[PDB]
Every structure is written in structure tokens, then in C-alpha cells.
RNA sequence: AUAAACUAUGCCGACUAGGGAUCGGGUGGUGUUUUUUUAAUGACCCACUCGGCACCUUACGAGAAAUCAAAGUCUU
């Protein structure tokens with residue numbers, strides 16, 4: 001992961017430049033290739049499809065309605081599937097205004113389609 | 001050497017001594033060979049520490065190109081020791097930072113990364129000077145009128161290296177930055 | 001939600017308690033600027049020394065009367081028949097007055113842009 | 001979906017404050033007590049911090065008064 005690109009901070013360091021170097025540090029490290037080295041490995045893989053800060057909101061928010069779909073009485077569940085929602089949308093815009101196409105994703109099968117890999 | 005410089009045009013009496021001085025240490029000491037091989041210079045500035053004692057006590061600050069900033073920090077300790085012995089002057093290493101403008105943006109498709117802003121650049125030097133050891137506490141004070149004093153907290157175990165440069169630093173900062181910088185050991 | 005009376009209504013909101021001033025908004029070229037024209041005409045002490053996210057630039061010691069409240073105002077007109085008239089905001093003609101207008105050119109003062117015959121917006125008004 | 005749908009008191013933006021009152025963290029701890037041939041730890045307590053808890057309070061500001069740390073709040 002990339003959110004968890006920095007579970008390195010755990011056993012490597014140091015948040016994290018290395019990717020630049022400012023208020024740097026004091027320990028081994030073999031520079032940008034020390035970073036990239038296994039920093040590229042990381043998620044046993046890579047990514048970019050789009051777009052983490054949503055590829056999570058939409059998820060928690062996706063399963064987040066399975067219950068809603070079956071329970072259907074936990075109105076104190078809709079009261080949030082509305083919110084996790086208004087959120088999952090509120091993101092879009094700053095991408096519907098930038099990073100994600102100009103309709104879909106920025107609109108996506110949102111409400112709904114468990115996406116996508 | 002014009003070798004260990006980036007502009008490579010002409011040096012100043014100070015810059016010259018520094019050049020051969022550096023080339024000296026990598027030939028003399030086998031350990032600084034590896035690190036100094038790497039080190040390049042940008043420019044060097046000399047400053048006079050004028051105290052009321054009518055005593056002339058000068059020191060010089062050297063700008064290491066950013067490329068070699070990693071390396072510079074790698075052996076920073078030993079380097080400064082030898083440079084002071086070999087130049088009988090106080091030595092300080094900084095990174096060659098380029099500051100970006102606030103309102104003078106001109107490249108529509110270019111954002112000014114915080115990494116090169118005046119707050120962050122000028123705040124850099126302080127770390128650079130006390131170099132060998134980084135500070136513990138940093139603070140600001142507002143004298144009534146409107147002064148801003150930066151009493152900075154320095155580690156005790158470093159009283160050695162830092163106690164002496166202490167006055168130079170203050171004075172270099174007041175020159176580059178514009179900030180009064182008193183220190184306090186804790 | 002409005003950096004103006006935000007902080008001028010902290011100086012204002014302060015000297016009425018009486019003290020040695022405090023923190024404020026975040027900085028603002030404008031905040032700092034009024035928190036200039038003030039000092040430059042007197043009133044306040046010494047704009048101060050903070051630097052954070054946008055928390056940067058200043059606090060700002062109090063000093064002196066400065067009574068009472070910096071003026072915040074929330075419209076904007078000016079010049080001739082104007083300025084003189086909104087000089088009724090003032091705490092009295094016979095000097096005293098100061099109306100920190102916004103002047104096409106320069107964030108200026110009731111007179112400081114009465115200056116070269118200037119005008120525009122009405123930013124505020126001091127003592 | 002009416003309401004004997006209420007601090008008869010708005011707030012996107014906050015102070016005159018305190019004192020105390022409660023629930024976080026961080027301290028000291030000194031107090032206990034666990035652990036358990038001794039502890040440390042854990043708990044209990046203690047203070048002390050800072051988190052923010054809500055409240056309560058007026059050496060302040062109000063408004064047209066009872067009240068208000070707001071409705072305090074920019075010749076009213």
C-alpha cells in the first residue's frame with residue numbers, strides 16, 4: 001500500500017526524504033536507491049488506477065451497505081451510508097475538478113457497483 | 001583547486017585557500033578521501049566577528065552544493081575539525097539553497113514547493129551551523145516594541161564544539177537572515 | 001470565516017480588558033497591513049513574531065490607549081462626497097479621526113490616501 | 001409527523017472566567033495493591049499536567065429588566 005507505503009517508518013525510516021532530504025536524519029541508508037530499492041517492492045506490487053483516498057472511502061462505503069441491503073432496519077446505518085456517501089462524493093469533485101477523468105469515477109458506478117479489479 | 005567548485009571561474013583569496021585546503025585533506029587523510037572525492041563547493045563567504053574588545057576574530061562559511069549535501073553530513077564532524085586546524089578560522093557548512101518568490105510566479109504550470117520558501121530556507125542554516133549536533137528546543141519571543149528573539153535550545157553533551165562557534169553563528173545569521181539568535185544550554 | 005473583525009476584534013476585544021495584547025488570526029497581508037497603519041500612526045505596540053502553517057508572521061504587543069476597538073466595517077465605497085461622509089464613523093472631526101480606507105492604490109488611512117487624491121474601499125477605521 | 005417537537009435566548013467566525021464540578025492524554029508521584037521465594041507490572045489512590053467532558057460561578061460586557069461569562073459585544 002501507499003497509505004502504508006510508510007510501514008517502512010516502522011523498520012527502515014524515516015518519513016521520508018530520502019525522497020528529497022531536508023530536516024534529514026542519522027542512520028545507514030543508501031540514498032534514493034535505498035528508498036526506491038525496496039520502496040518499489042512495497043505493496044508486493046504497484047498501483048495508480050485511482051485513487052486510494054477514495055479507493056478506500058468507496059470500499060468501506062461499499063461493503064458499508066451490504067448490511068444496509070440486508071438488515072434494512074438499522075436506519076442508524078442509513079444515517080451513515082448517507083455520510084460515508086456524501087463523503088465518497090465530496091472527494092470526487094477535487095478530481096472531477098482534477099485527477100479523475102471528467103464524469104465517471106468522478107461519478108463512477110457510485111451507487112453503485114463494487115469495483116473493480 | 002578550481003576543480004572543487006561549480007562556477008569554476010575565479011576564486012577569492014578565501015575561496016582559493018579553501019580549495020587547496022580541501023584537496024589537501026583527501027591526499028593527507030585516507031578516510032576523507034571517499035567523502036571529499038564527492039564534495040563540491042558552490043561559493044564561500046567570510047565574516048568578521050567584531051566584538052567590543054577591538055579584537056578581530058573571523059570565521060568562514062562554505063556553501064556545499066546540494067548534490068553533495070548527503071556526503072557533507074556524512075563526515076561533517078571530522079571535516080570541520082581539520083579545516084579549522086588547517087585554516088585557523090571558524091568553519092561552517094551550509095547547503096546551497098535557492099529561494100522561490102512569493103508573488104512573482106511566472107510558470108503557469110509550476111507550483112512553488114515549500115522546500116524552497118524563505119521560512120524554510122532561512123530556518124535551514126540554523127540546523128546547518130550547529131551542524132554536528134541538532135537543537136532540542138526552538139522558540140520565539142516578541143519584545144514589546146516588536147523584536148523577535150530566537151532563544152534556541154542546544155544539547156548539553158555538545159557544549160564543546162558548539163560553545164565556541166556560538167557567537168559566529170549568531171553573527172552570520174544576523175547577516176544572512178536578519179534574526180537575533182541567542183542560545184541556551186539545557 | 002472573516003479574518004478582519006476576526007482579529008481587530010481581539011485587539012478591540014482586548015484593550016477593553018486592558019493588557020499586553022495576544023495572538024490573532026493567521027497573518028494576512030491585510031491583517032499585518034492594518035496592524036501596520038495602526039502602529040505607524042501610533043495606537044498599537046509592535047506587530048509580532050510567529051510562523052506556522054498560515055499561523056505565521058505575528059502575535060502583537062498592545063501598549064497605549066488604542067481606545068476603543070479597531071474598526072472592522074463590512075461594505076466598501078469611497079472618494080469626495082464619500083470618504084468625508086463615512087468620516088462620520090469617526091469619533092469626532094477635530095483631529096482624532098482615522099479611517100484606514102482601502103484606496104485603489106494602497107491599504108491606506110483616512111488621510112494617508114486622502115493623500116494623492118485617492119479612494120476606493122473602506123477596510124476600516126481606528127480610535 | 002400532531003406535539004405541554006423549549007435554556008421562552010441562533011449561529012459559518014468567539015472572548016469578559018474563573019472557581020469548582022465530571023471523561024481523555026502526560027507528569028509526577030507519593031498512597032495503596034497486584035506480580036506474586038522481593039517487585040517491576042497491573043490495579044486502587046495520590047497529586048500534576050496538559051485533552052477536550054459537561055456543567056455549574058460572576059472581581060467583566062450586556063439589555064429595555066429578571067438574567068447573561070451571552071442576548072457581553074462597533075455616542076443605542
Q) How many residues does segment B:41-78 hold that are under 20 Å from residue B:21 (Cβ atoms), in contact with a strand residue (DSSP E or B) (Cβ under 7 Å, 6 or more places away or on another chain) and not in a strand (DSSP E or B)? A) 4
Q) All but one of (1) within 27 Å of residue B:65 (Cα to Cα); (2) touching a strand residue (DSSP E or B) at 6+ places or on another chain (Cβ under 9 Å); (3) within 14 Å of chain C (Cβ to nearest Cβ) hold for residue B:151; which doesn't? A) (1)
(Q) I'd like to check something: does segment B:101-120 contain any residue that is more than 10 Å from every other protein chain (Cβ to nearest Cβ), surrounded by 15 or more Cβ atoms within 10 Å (Cβ to Cβ), in contact with a helix residue (DSSP H, G or I) (Cβ under 9 Å, 6 or more places away or on another chain) and not in a strand (DSSP E or B)? (A) no
Q. Counting just the residues of segment C:51-76 that are free of Cβ contacts under 8 Å to residues at least 40 places away in the same chain and over 22 Å from residue C:15 (Cβ atoms), which one comes out surrounded by the fewest Cβ atoms within 10 Å (Cβ to Cβ)?
A. C:53
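Matching residues to (1) more than 9 Å from chain B (Cβ to nearest Cβ); (2) surrounded by 16 or more Cβ atoms within 10 Å (Cβ to Cβ):
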position	(1), (2)
C:20	no, no
C:24	yes, yes
C:38	yes, yes
C:46	no, yes
C:78	yes, yes
Q: With the condition kept exactly as written, say whether any residue in segment C:85-95 is in a loop (DSSP other than H, G, I, E, B) and either surrounded by 21 or more Cβ atoms within 10 Å (Cβ to Cβ) or in the same structural domain as residue C:4 (by CATH) (or both).
A: no
Q.
Can you say whether residue B:185 is within 14 Å of chain C (Cβ to nearest Cβ), surrounded by fewer than 16 Cβ atoms within 10 Å (Cβ to Cβ), touching a strand residue (DSSP E or B) at 6+ places or on another chain (Cβ under 6 Å) and closer than 27 Å to residue B:60 by Cβ, as far as the supplied structure shows?
A. no
Q) Is it the case that some residue within segment B:29-40 is away from chain A (no Cβ under 14 Å), in contact (Cβ under 8 Å) with a residue 24 or more places away in the chain and surrounded by fewer than 17 Cβ atoms within 10 Å (Cβ to Cβ)? A) yes
**Q.** The lone exception for residue C:10 - which of (1) touching a residue at least 24 places away in the same chain (Cβ under 8 Å); (2) within 11 Å of RNA strand D (Cβ to nearest atom); (3) surrounded by fewer than 20 Cβ atoms within 10 Å (Cβ to Cβ); (4) not assigned by CATH to the domain that holds residue C:96 it fails
**A.** (1)
Q.
Any residue that is within 16 Å of RNA strand D (Cβ to nearest atom), in a loop (DSSP other than H, G, I, E, B), in the same structural domain as residue C:14 (by CATH) and in contact (Cβ under 8 Å) with a residue 12 or more places away in the chain - is there at least one of those in segment C:100-107?
A. no
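In the set B:125, B:131, which member is part of a loop (DSSP other than H, G, I, E, B), touching a strand residue (DSSP E or B) at 6+ places or on another chain (Cβ under 7 Å) and more than 14 Å from chain C (Cβ to nearest Cβ)?
Exactly one residue qualifies, and that residue is B:131.
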Q: Could you please find all residues in segment C:14-24 being free of Cβ contacts under 8 Å to residues at least 12 places away in the same chain and either closer than 18 Å to residue C:124 by Cβ or near RNA strand D (Cβ under 9 Å from one of its atoms) (or both)?
A: C:17
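All of this is worked out from the model, or read from it or from the source named; no laboratory instrument gave them. Heads up, the Cβs are rebuilt from the backbone with ideal geometry, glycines too, and the neighbour counts pull from every protein chain shown.
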